[PDB]
Each structure stands twice: as structure tokens, then as C-alpha cells.
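Visitor: with the input below, show me the fold.
(3 chains, ligands or ions: 2)
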Amino acid sequence: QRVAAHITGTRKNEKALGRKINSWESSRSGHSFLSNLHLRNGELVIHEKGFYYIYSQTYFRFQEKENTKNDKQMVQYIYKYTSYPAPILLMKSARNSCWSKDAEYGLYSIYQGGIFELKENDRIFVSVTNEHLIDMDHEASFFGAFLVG
Amino acid sequence: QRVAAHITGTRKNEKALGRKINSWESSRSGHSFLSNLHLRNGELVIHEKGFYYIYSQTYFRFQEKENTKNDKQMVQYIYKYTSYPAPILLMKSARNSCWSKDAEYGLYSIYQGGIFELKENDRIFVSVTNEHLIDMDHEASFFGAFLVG
Amino acid sequence: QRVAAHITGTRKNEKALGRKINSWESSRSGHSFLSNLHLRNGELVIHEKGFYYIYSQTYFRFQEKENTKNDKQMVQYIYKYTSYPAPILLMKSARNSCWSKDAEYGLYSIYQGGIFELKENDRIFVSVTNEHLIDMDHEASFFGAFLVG
Ligand SMILES: [Cl-]
Ligand SMILES: [Zn+2]
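Guide: Residues are numbered from 1 along each chain as shown, chains lettered A, B, ... in the order given. Ligands and ions are numbered 1, 2, ... in the order given. What follows is the structure:
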């Protein structure tokens, strides 16, 4: 009953790709809440086994050179730690930036989500490429999950 | 029990950004339904307090000049009115249009969603920039929410 | 109780648009599961009437000619078969590829979802344009649904 979380920006050998986001708001601060989940070191930690819809939005935003190709791969990864040594990729979503040499800025919000079976004490996190391009405004970048059954 | 809505196109001082969409289908017309929510002046009005997953898809579609820079910021905003004087932004998602001078058209569907705690009589709405570029086909542009717990 | 599905890549006259994806993983293989739904010929088949949140992510990925305009419309369609002769489009989401002649590749993950009333024995499927550009990695392309009430 009321197993859900929404957390926001604050304004066997295989390694996870990208860079893990660990600056999600860890305080009860309004759009961010936790209910029968908790947050530790940027990971949502599961208390109740079941099917969870898991989602994240990550806002890539940047301002934009002769002989300088500047293509960007903006990728969001959602990973799980369970009782296995390596993190397990659940979902990935990607964009490329505009290739035009006239490009002066880029706005690329990436949303994805999906339903996964999770066990008690599993840990879920978001990682991204180009993390220095992420805008952590609390309405633009966020991560959440809820128990569907 | 059965607290959900999906509504579609028809084919303290701070102000909300963008332009509010108020032309969502207000009739029971098949993909659009309301269940223990209602629609008034383009806003979904909450009857039962709780956690809601709220989402919207807004389709920007357009056809595409010397010395004319024509960059577009296409942004979708999801706002809440509660017992506070100003609307409160919950979520924003943005794209820029292709900067190439060879661009002849643009197709930019923007989806986002997330879980928020809502109170009885809160009102939620969608606003967009460039509203004249939105394609209100009922399968392309829509707004919904459901009680997660 | 536990009516949900997530299926992934494996690594009256009117016709449905695009090409139907029928290569979703049909085995219980970990991120893919079925619970009180089944999969037949690429379609999720409903066992219990009710409101379903339905979603899909489809990853378009490609490498990129004089006098060759190469614009791509990448569209994802989610269709329903019910007790009617023609499939019924529920949701569509579209992108265009970058128009720059400097474009060397394209990464376009498309996610959409929404809530629809479904009947027992309704069938839901995903179709896409440019199907030869879809990357069926199981973390990148997927289709799912869950009963919201
Ligand atoms: Cl572009
Ligand atoms: Zn471009």
C-alpha cells in the first residue's frame, strides 16, 4: 500500500556505462517524496518485492568551431543492483545532437520507463553520458518508481 | 477504485509559462475518458487525494529564408493549481528544432510523466510554447493521470 | 491482481500504418515477463477487462550523398484489435532525422504511453515506419502494459 517514489534534481565483471547521477534531492522537499522505498547514495532501495514501473527524465541542455565535429551522444541508462556482482542494465534511451554547424544550443529532455520485477534490497539508479550537460532543475530531471503489483 | 483519466486532442505572483491547452476533448468520445476525475476549462480536477502518475504527449509538427534564423524551443509544461495563489510547475520537457538550413519540416512528439501527491480539488493542466505548432490529432496529443496509491 | 507485461527485443477497411513488430521476445527471459496477459504473433492479448497503461520504446539507430535528401520520418504506432474489423490506432509518436548534410549517424529512441480501456481478448501491438532502422536490443526497445483499475 503506497509504495512509490519521485526524486528530483536539486536545481559479472561488467561495469555500468555513463556516470551515475547521485545528486537527487535526498530531503522531503515537495516534488520529491519516498513511500516504502528509500534513497541511499543516489540509488532507490526496494523494500517490497513486486512489479515496479520505473522511470526517469534527464534534461540535457547546452550552448554550442572550425574543424571541430562536436557530435554528442546523449544516453540515459537505468540500472539495477541485485544479488549479482555487476549492475544490470534495465533500459537505455539515446539521442544525438543536431549536426548543423549553425547549431547554437541544444535542448534534449529524455524520458523513458518500463515495468520490472524487483526483489527486496534491490537498488536502482540512473546514469548518463555527458553528465556535465545535465540540467538538474527539479521540474526537468527526476527519477521515480511505483509498485504496480 | 478506478481513479484515472485520459483526454485527447479533438483532431505567489509568478505566472505559468507557455500557453495553456484548453481544447482537450470534453466529451466521452473513446479514447477519452474520465473516472473519478473531471475536466473543467482544460484542467483535470482531482476528487481523491493521493499519489498520481500524471503524463502528457504533445505533438509539435510544422513545415519550414535568408537571414532568418528560425530556431524553435518546443517545451511542454505540466502545472498544478492547489491552495496557493500561483500555479506550481510539476514537470517540463524541451526540444529544439533542427538548425539546418535544409530543414523542410519538423516532427517533435514530446512525452513526459511522473508521480505527484495531489489533494482533493487540485487542478492540473498542460501548457506549451509555440502552441500554433501543436497537432491536436487524438492519437498524437493527450493528457492523463491515474491514482497509484 | 498482478496484471502486467513487459516484453523486449531479442537483441472498417482501414489498414494499420507502418510495419508491425513481431519479434518481441516470446520466452520468459528476464527483462521480459507476462502476468495475466499473453503474447501471440507479436500482440499482447488481454485476459481481464479494465484500464491499462500501455507503453512502448522503439530505438531507431542508423549510420548516414550528393542530391540525395535522406529525410526520415520515424513514427511509432500503438494499435488495438477489438470486436471491430479494422485495427484502431491508440497512440502515435514521431520524430524527423537531422537535416544536416554533415549528419553521420542518428540515435532516436521514441517512448510513449497512455491509459486505455481494454476488453477481454483485445489485442495490442506496436508498428513503426523505417523498421529496418530499429535496434532490437532488449534494453532499448520494448512494449508493456499494466492494469491500473
Ligand atoms: Cl536535429
Ligand atoms: Zn539537425
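
Visitor: tell me what the residue most central in space within chain A is bridged to.
Guide: Nearest to the mean C-alpha position of chain A, by CA atoms, centre = their mean, lies residue A:126 at 3.1 Å. With DSSP bridges applied, residue A:126 shows beta-bridge pairing to residue A:78.

Visitor: my read is that it contacts residue A:76, right?
Guide: Yes: with contact defined as CB atoms under 8 Å, residue A:126 counts as touching residue A:76 (6.5 Å). Placement of C-beta: from N, CA and C, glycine included.

Visitor: which stretches of chain A form strands?
Guide: Secondary structure of chain A (DSSP state E): strands at A:4-8, A:19-20, A:33-35, A:37-40, A:43-46, A:50-63, A:73-81, A:88-96, A:105-118, A:123-128, A:134-135, A:142-147.

Visitor: of all the ones you listed, which one comes closest to ligand 1?
Guide: Ligand 1 lies closest to strand A:88-96 among the strands of chain A, at 7.8 Å (CB to the ion).

Visitor: which other helices and strands contact that closest one?
Guide: strand A:50-63, strand A:73-81, strand A:105-118, strand C:50-63, strand C:105-118 (3 or more CB pairs under 8 Å, 6 or more residues apart in numbering or on different chains; DSSP states H and E).

Visitor: can I get the strands of chain A in JSON lines including distance to residue C:47?
Guide: Shown next, in JSON lines, are the strands of chain A (distance: least, CB to CB, whole Å):
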{"stretch": "strand A:4-8", "distance to residue C:47": "26"}
{"stretch": "strand A:19-20", "distance to residue C:47": "39"}
{"stretch": "strand A:33-35", "distance to residue C:47": "30"}
{"stretch": "strand A:37-40", "distance to residue C:47": "29"}
{"stretch": "strand A:43-46", "distance to residue C:47": "27"}
{"stretch": "strand A:50-63", "distance to residue C:47": "16"}
{"stretch": "strand A:73-81", "distance to residue C:47": "28"}
{"stretch": "strand A:88-96", "distance to residue C:47": "25"}
{"stretch": "strand A:105-118", "distance to residue C:47": "17"}
{"stretch": "strand A:123-128", "distance to residue C:47": "29"}
{"stretch": "strand A:134-135", "distance to residue C:47": "41"}
{"stretch": "strand A:142-147", "distance to residue C:47": "21"}
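
Visitor: get me the contact residues on chain A for ligand 1.
Guide: residue A:98 (CB under 5 Å from the ion).

Visitor: for ligand 1, what's its nearest residue on chain A.
Guide: residue A:98 (3.6 Å).

Visitor: so how many other residues sit close to that residue?
Guide: For residue A:98, the tally of surrounding residues (other CB atoms under 10 Å in any protein chain shown) stands at 28.

Visitor: quick check: it touching residue C:96?
Guide: No: contact between residue A:98 and residue C:96 fails when scored by CB under 8 Å: they sit 11.3 Å apart.

Visitor: identify the contacts common to these two.
Guide: Counting by CB atoms under 8 Å, 6 or more residues apart in numbering or on different chains, the shared contacts of residue A:98 and residue C:96 are residue B:98.

Visitor: up against chain B, what does chain A have?
Guide: A:1-6, A:31, A:33, A:35, A:53, A:55, A:57, A:59, A:61, A:98-100, A:102-109, A:111, A:113, A:137, A:139-140, A:142, A:144, A:146-147 (CB under 8 Å from any CB of the partner chain).

Visitor: pull out the buried members of the residues you listed.
Guide: A:3-6, A:31, A:33, A:35, A:53, A:55, A:57, A:59, A:61, A:98-100, A:103, A:106-109, A:111, A:113, A:137, A:139-140, A:142, A:144, A:146-147 (16 or more other CB atoms under 10 Å in any protein chain shown).

Visitor: output the set of residues of chain A in proximity to ligand 2.
Guide: So far as CB under 5 Å from the ion goes, chain A lies against ligand 2 at residue A:98.

Visitor: which residue of chain A sits farthest from its center?
Guide: residue A:66 (33.7 Å).

Visitor: OK, contacts around that one?
Guide: So residue A:66 contacts nothing (CB under 8 Å, 6+ apart).

Visitor: can you check the one 3 residues further on too?
Guide: The neighbours of residue A:69, taking CB under 8 Å, 6+ apart as the test, are residue C:102.

Visitor: how far away is it from residue A:19?
Guide: 22 Å (CB to CB, to the nearest Å).

Visitor: likewise for residue A:74?
Guide: Counting by CB to CB, the gap from residue A:74 to residue A:19 is 12 Å.

Visitor: overlap in contacts, the two.
Guide: A:128, A:129.

Visitor: more neighbours: these two, which one.
Guide: Taking neighbours as other CB under 10 Å, residue A:74 and residue A:19 compare with residue A:74 leading, 23 against 15.

Visitor: tell me the spacing between that one and residue C:127.
Guide: Noted for residue A:74: a distance of 26 Å to residue C:127, by CB to CB.

Visitor: for residue A:125, same thing?
Guide: 33 Å.

Visitor: now residue A:36
Guide: 38 Å.

Visitor: out of the two, which sits in the more crowded spot?
Guide: Per other CB under 10 Å, whichever of residue A:36 and residue C:127 has more neighbours is residue C:127, with 23 against 14.

Visitor: doesn't residue C:22 make contact with the more buried one?
Guide: No: Residue C:127 is beyond contact range of residue C:22, at 9.8 Å (criterion: CB under 8 Å).

Visitor: alongside chain C, which residues does chain A contribute?
Guide: Within chain A, the residues that sit near chain C (CB under 8 Å from any CB) are A:51, A:53, A:69, A:71, A:73, A:75, A:89-96, A:98-101, A:110-117, A:148-149.
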